[PDB]
Amino acid sequence: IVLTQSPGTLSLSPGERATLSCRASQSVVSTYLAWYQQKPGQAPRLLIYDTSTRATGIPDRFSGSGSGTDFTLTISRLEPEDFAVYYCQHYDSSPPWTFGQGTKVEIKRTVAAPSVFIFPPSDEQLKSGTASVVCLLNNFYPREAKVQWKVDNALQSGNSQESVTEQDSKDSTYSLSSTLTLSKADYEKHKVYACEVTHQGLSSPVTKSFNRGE
Amino acid sequence: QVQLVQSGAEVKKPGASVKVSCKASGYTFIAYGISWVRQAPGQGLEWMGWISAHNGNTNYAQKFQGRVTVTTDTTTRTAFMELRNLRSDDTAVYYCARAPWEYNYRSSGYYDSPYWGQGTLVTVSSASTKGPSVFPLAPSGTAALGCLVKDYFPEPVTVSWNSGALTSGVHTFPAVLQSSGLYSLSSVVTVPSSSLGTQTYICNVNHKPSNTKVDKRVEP
Amino acid sequence: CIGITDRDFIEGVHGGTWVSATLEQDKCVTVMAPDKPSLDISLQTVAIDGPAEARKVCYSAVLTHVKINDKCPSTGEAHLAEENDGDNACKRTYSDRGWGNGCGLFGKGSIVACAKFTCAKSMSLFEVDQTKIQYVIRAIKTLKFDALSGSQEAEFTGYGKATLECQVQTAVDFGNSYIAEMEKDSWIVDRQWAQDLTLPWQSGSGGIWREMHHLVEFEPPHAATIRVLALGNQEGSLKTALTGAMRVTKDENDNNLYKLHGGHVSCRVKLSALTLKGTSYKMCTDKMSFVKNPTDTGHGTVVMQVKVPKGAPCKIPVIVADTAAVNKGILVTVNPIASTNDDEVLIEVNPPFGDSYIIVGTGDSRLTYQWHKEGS
């Protein structure tokens, strides 16, 4: 019994109408589909049990539906609170709970390119024995962006970890900071470091480069 | 009201065992078997196992068959979960949820609202507590500067800028786990070029588990 | 068609001539006068237009959304908000409790269960407005009629203006019977039989599914749980209980909710002062065979069809004796004459109780039949 939740990432401005789809395997008289809302940093708040009956204290705008294998969670008027990830669970005549694969509803705005910044490892840190290069992306939209580390024109993959902050509460923007962790002996053995940035709002992929301590 | 009370925070090294409690309260616990769901950080939800109280037969997910064992305590009004040898990806938040007792399309509560308990933050990794190593990110159009809170365990850490005087353009990033088992994040601020050599910027790092408080100043 | 006899009409001094004849469905009656064309009166249908729905009996229930409240022995009685809802049916038994299932002391512990009632398939019961029964005479000119409008006028070329004072006599006395409609099939059932049914019924104004417990029974309660015995569709018990009932064909041509059925009609035609003609028929004593053997109609009458190859223009002597010739076999068929040779003529007979003997023929070539009747 497989589930199919679409769409994945939803970009709607406040006041518009939302419509999610948790496409189930088979919709029969015994089919339970609990919807959910998950804010980053909190437990899911139960939204609708069964398929369309609102939970305790859930506002009036939340309502479910069922037609064929596809179910639908509908939000009439979106509000700033209602921007989070939504889930769906399924169990029918069997113990297992099959959950949805996520649906994040984010605020939409005009595509804004990031301002790329690169930070060399602090000369104090290299005395310890590790070097971490930080490549910072600031105040961009949409979230989808790729950062590739270029160490002496060589694509390095296998030592970099990224972290994207949640959407801003003022202008609805994201940020990203890639960290390249290298040992001291391997760090100074190279010369030029950079991070290639590819984004939707860039006419040409920007790269901020810096040589070894110059 | 009607609620489920779970256990507190637990930290175990890989291969050990974890027993999470879930004390049902407010309803007839004899029916309404209690199911278990978890959440890896970033990853979505997936159901691990399920138990009943009346007709105590249980069921487990095929991936977690050989590890988990769920028990119940009728007199104490509690539902348990024992997790066997712990891997690295087993770090998650574990929830207990009210559920029907037979799952036969009409017994008792097959169409009732499933309540959820609190969180059970299980953090499994080899290492022990460590204080944070704070390193600066000095600047070189709009200027950007920040601090690198590196090699700290465990979460959380509060990076306050200028002892609370900066709230514009301060993007404190979520932490990541390195290959050594110690987190490290960055907290940067976008400042105008005129405020570089005139004002004074200090990043105030406060780590509660180690009670280590670091206030580093960023000089260009 | 079918010719009339002498005493079927009367021509007076002044005014006109009247014909009093009974017309059943698909049986014509002609009016012939010398130096004038023959007539052909055909009764097309005797039907009803959009009967009124009295109630709606459910015979296939779907029970879901089962919720329980459990009270320990001697701690009060369990209550649920679904006992007052019109969607759910509830039951109140007791479950044995003790120190094991967590209750204070021993004894029969109270428990209440409720299950949502969702009727999927339901048969409906229609009641006829006897005055609004339609019956059509296609004398070609088309004439419709009601029990209220027994007289409708139409002028024909050759006979002047004609007024037809008609009257309809029913066949089942809708004053005590219903019209049950299943998924596709239909029936005519008794009103009290349909009201003495052990099935839930929805009221006329819409109401609710009153008396749901005829279809909802729960398993005996365990410690704090119920299983619902989903009593399936009792259609297997209904279509079997509806075996010995009269059917009603829905419709073929007119429209929907236009239910056709057979019956009886009596008419009187007001024609001008004309010298009409009479035609007599002899008796059928020749060889004859059954096309459709005498079968039941449901309301006591037996219907038989016969074929007369020799000496067609005659009426068939149908005798139902106690064998001897003395008959107590009250005859329903009017004008049992043969239209043409190698044709079939319908014969409706109302035998008495017990065991009778149908007699078709005289002397040689008698078509006999026995028909046990234990109507109650």
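The listed protein sequences correspond, in order, to chains L, H and E.
Residue numbers are given in the authors' numbering: position 199 of the first sequence equals residue 200, and the series is strictly consecutive.
Taken in order, the second sequence gives residues 1 to 140, 147 to 226; the numbers are from the authors' numbering.
Taken in order, the third sequence gives residues 3 to 141, 156 to 338, 341 to 394; the numbers are from the authors' numbering.
Backbone N, C-alpha and C define an ideal beta-carbon position, used for all residues, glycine too.
- Task: At 4 residues or longer, and completely inside the stretch 35-77 of chain H: list those alpha helix (DSSP H) runs for me, N to C.
- Result: If one requires a minimum length of 4 residues, no alpha helix (DSSP H) run lies completely within the stretch 35-77 of chain H.
- Item | Residues of the stretch 91-107 of chain E with Cβ closer than 8 Å to any Cβ of chain H, in chain order | Flagged, chain order: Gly102, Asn103 and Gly104.
- Query: Comparing the C-beta of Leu258 (chain E) with each C-beta of chain H, is any distance below 8 Å?
  - Reply: One-based indexing of the third sequence puts residue 258 (chain E) at position 242. Cβ-Cβ to chain H under 8 Å: no for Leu258 (chain E).
- Item | Every unbroken beta strand (DSSP E) inside the stretch 108-138 of chain H [3 residues or more] | Considered as a whole, the stretch 108-138 of chain H harbours 121-123 and 133-137 as its complete beta strand (DSSP E) runs of no fewer than 3 residues, in chain order.
- Using a Cβ-Cβ distance under 8 Å, would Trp98 (chain L) count as near chain H? Looking up residue 98 (chain L) in the first sequence gives position 97. So, interface residue.
- Task: Could you tell me whether any non-hydrogen atom of the ligand HEM is closer than 7 Å to the CB of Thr120 (chain H)?
- Result: The ligand content of the structure shown is nil, which means the ligand HEM is not present either.
- Determine, using beta carbons only, whether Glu102 (chain H) and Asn55 (chain H) come nearer to each other than 8 Å. For the purposes of this step, residue 102 (chain H) is taken as residue 102 along the second sequence, with counting starting at 1. For the purposes of this step, residue 55 (chain H) is taken as residue 55 along the second sequence, with counting starting at 1. Closer than 8 Å, so yes.
- Item | Endpoints, alpha helix (DSSP H) assigned at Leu254 (chain E) | Within the third sequence, residue 254 (chain E) is the residue found at index 238, counting from 1. That run of the alpha helix (DSSP H) goes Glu251 to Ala257.
- Would you mind sorting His229 (chain E) into buried or exposed? The rule is 16 or more other CB atoms within 10 Å of its CB. Taking the third sequence and counting its residues from 1, the one referred to as residue 229 (chain E) is at position 213. The residue in question, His229 (chain E), is exposed, as its Cβ has fewer than 16 Cβ neighbours within 10 Å.
- Item | CA-to-CA distance, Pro14 (chain H) to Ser126 (chain H), given in whole angstroms | The sequence position of residue 126 (chain H) within the second sequence is 126, counting from 1. The sequence position of residue 14 (chain H) within the second sequence is 14, counting from 1. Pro14 (chain H) has its alpha-carbon roughly 7 Å from the corresponding atom of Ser126 (chain H).
- Task: May I ask you to list, following chain order, the residues of the stretch 95-112 of chain H that have a beta carbon less than 8 Å from some beta carbon of chain E?
- Result: Those would be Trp101, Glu102, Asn104, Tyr105, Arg106, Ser107, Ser108, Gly109, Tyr110, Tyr111 and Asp112, in chain order.
- Task: Work out the CA separation of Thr58 (chain H) and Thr70 (chain L) for me, nearest whole Å.
- Result: Start at 1 with the first residue of the first sequence, and residue 70 (chain L) comes out as number 69. Start at 1 with the first residue of the second sequence, and residue 58 (chain H) comes out as number 58. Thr70 (chain L) and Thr58 (chain H): Cα-Cα distance of roughly 29 Å.
- Can you give me the Cβ contacts of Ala149 (chain H) inside the same chain, cut-off strictly under 6 Å, excluding the 5 residues immediately before and after it? Locating residue 149 (chain H) in the second sequence gives position 143, counting from the first residue. The residues are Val197, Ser199 and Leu202.
- Message: Can you list, in chain order, the residues of its chain with a C-beta nearer than 7 Å to that of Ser25 (chain H)? Leave out the 5 residues immediately preceding and following it.
- Response: Along the second sequence, read from residue 1 onward, the residue named residue 25 (chain H) stands at position 25. Same-chain partners within the cutoff: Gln3, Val5 and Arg77.
- Task: Decide if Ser7 (chain L) is buried, meaning its Cβ has at least 16 other Cβ atoms within 10 Å, or exposed.
- Result: The sequence position of residue 7 (chain L) within the first sequence is 6, counting from 1. It is exposed - the Cβ of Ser7 (chain L) has fewer than 16 other Cβ atoms within 10 Å.
- Task: Please compile the residues from chain H whose C-beta is within a distance smaller than 8 Å of the C-beta of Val244 (chain E).
- Result: Here residue 244 (chain E) refers to the residue found at position 228 when the third sequence is read from its first residue. Simply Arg106 and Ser107.
- Query: Whose C-beta lies closer than 8 Å to the C-beta of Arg67 (chain H) among residues of the same chain, with five residues either side of it excluded?
  - Reply: Locating residue 67 (chain H) in the second sequence gives position 67, counting from the first residue. Around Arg67 (chain H): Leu83, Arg84 and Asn85.
- Query: Under 8 Å, do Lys331 (chain E) and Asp338 (chain E) count as touching if we go by C-beta distance?
  - Reply: Taking the third sequence and counting its residues from 1, one reaches residue 331 (chain E) at position 315. Taking the third sequence and counting its residues from 1, one reaches residue 338 (chain E) at position 322. No, Cβ-Cβ distance for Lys331 (chain E) and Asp338 (chain E) is not below 8 Å.
- Do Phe108 (chain E) and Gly102 (chain E) have their C-beta atoms closer together than 8 Å? Sequence index remark: in the third sequence, residue 108 (chain E) carries index 106 (1-based). Sequence index remark: in the third sequence, residue 102 (chain E) carries index 100 (1-based). The beta carbons of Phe108 (chain E) and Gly102 (chain E) sit no closer together than 8 Å.
- Task: Tell me whether the beta-carbon of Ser107 (chain H) lies closer than 8 Å to the beta-carbon of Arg226 (chain E).
- Result: The residue you call residue 107 (chain H) lines up with position 107 of the second sequence. The residue you call residue 226 (chain E) lines up with position 210 of the third sequence. No, these two residues do not count as a Cβ contact at 8 Å.
- Query: Helix, strand or coil: how does DSSP classify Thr120 (chain E) here?
  - Reply: The count along the third sequence starts at 1 and reaches residue 120 (chain E) at position 118. Residue state, collapsed to three classes: strand.
- Backbone secondary structure at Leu245 (chain E) - three-state DSSP: Counting from one through the third sequence, the residue named residue 245 (chain E) turns up at place 229. Strand, per DSSP.
- Are the C-beta of residue 240 (chain H) and some C-beta of chain L separated by less than 8 Å? Since the first residue shown for chain H is 1 and the last is 226, residue 240 (chain H) is missing from the structure and cannot be characterised.
- Task: Give the residues from the stretch 45-73 of chain E that approach chain H closer than 8 Å (Cβ to any Cβ), ordered along the chain.
- Result: Answer in chain order: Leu65, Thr66, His67, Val68, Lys69, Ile70, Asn71 and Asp72.
- Task: Assign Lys326 (chain E) to one of two classes, buried (16 or more other C-beta atoms within 10 Å of its C-beta) or exposed (fewer than that).
- Result: For this step, residue 326 (chain E) is matched to residue 310 along the third sequence. Around the beta-carbon of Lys326 (chain E), fewer than 16 other beta-carbon atoms lie within 10 Å, marking it exposed.
- With 8 Å as the limit, tell me which residues of the stretch 225-250 of chain E have their beta carbon closer than that to any beta carbon of chain H; keep them in chain order. Per Cβ criterion, the list reads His238, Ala239, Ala240, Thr241, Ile242, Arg243, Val244 and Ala246.
- Measure the alpha-carbon distance for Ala56 (chain L) versus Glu233 (chain E) and round it to whole angstroms. Locating residue 56 (chain L) in the first sequence gives position 55, counting from the first residue. Locating residue 233 (chain E) in the third sequence gives position 217, counting from the first residue. Computed Cα separation, rounded: 29 Å.
- Item | Nearest-angstrom Cβ-Cβ length linking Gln218 (chain E) and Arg57 (chain E), presumed shorter than 8 Å | Here residue 218 (chain E) corresponds to residue number 202 of the third sequence, with the count starting at 1. Here residue 57 (chain E) corresponds to residue number 55 of the third sequence, with the count starting at 1. Indeed, because the Cβ distance is near 6 Å, the residues count as touching under 8 Å.
- In terms of residues, what are the limits of the alpha helix (DSSP H) holding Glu189 (chain L)? Along the first sequence, one-based indexing puts residue 189 (chain L) at 188. Going by DSSP, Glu189 (chain L) is part of the alpha helix (DSSP H) stretching over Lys185 to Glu189.
- Task: Compare the C-alpha of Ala44 (chain L) against each of H:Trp116, H:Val18, H:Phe64 and H:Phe29 and name the closest.
- Result: Looking up residue 44 (chain L) in the first sequence gives position 43. With distances taken between Cα atoms, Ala44 (chain L) lies closest to H:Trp116.
- Query: Apart from the five residues just before and just after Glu84 (chain E), which ones in its own chain have a Cβ nearer than 7 Å to its Cβ?
  - Reply: Reading the third sequence from its first residue, position 82 is the one you call residue 84 (chain E). So the list reads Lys69, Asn90, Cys92 and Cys116, once near-sequence residues are dropped.
- Let me know if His81 (chain E) comes out buried or exposed under the rule of 16 or more other beta-carbons within 10 Å of its beta-carbon. Translated into positions along the third sequence, residue 81 (chain E) becomes position 79. Exposed, because fewer than 16 other Cβ atoms sit within 10 Å of the Cβ of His81 (chain E).
- Message: I want to see whether chain H comes within less than 8 Å of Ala122 (chain E), judged by CB atoms only; does it?
- Response: Translated into the one-based positions of the third sequence, residue 122 (chain E) becomes position 120. Interface criterion not met: the Cβ of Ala122 (chain E) is under 8 Å from no Cβ in chain H.
- Could you check the C-alpha separation between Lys275 (chain E) and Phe306 (chain E) for me, to the nearest Å? Residue numbering aside, residue 275 (chain E) sits at position 259 when the third sequence is read from its first letter. Residue numbering aside, residue 306 (chain E) sits at position 290 when the third sequence is read from its first letter. Going by C-alpha positions, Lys275 (chain E) is about 30 Å away from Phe306 (chain E).
- With C-beta atoms as the reference, is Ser7 (chain H) less than 8 Å away from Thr91 (chain H)? Residue 7 (chain H) sits at position 7 when you count from the first residue of the second sequence. Residue 91 (chain H) sits at position 91 when you count from the first residue of the second sequence. No, Cβ-Cβ distance for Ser7 (chain H) and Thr91 (chain H) is not below 8 Å.
- Query: In terms of alpha-carbon separation, which member of L:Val148, L:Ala186, L:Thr199 and L:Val152 lies closest to residue 216 (chain L)?
  - Reply: In the structure as shown, chain L begins at 2 and stops at 215. Residue 216 (chain L) is therefore absent and cannot be evaluated.
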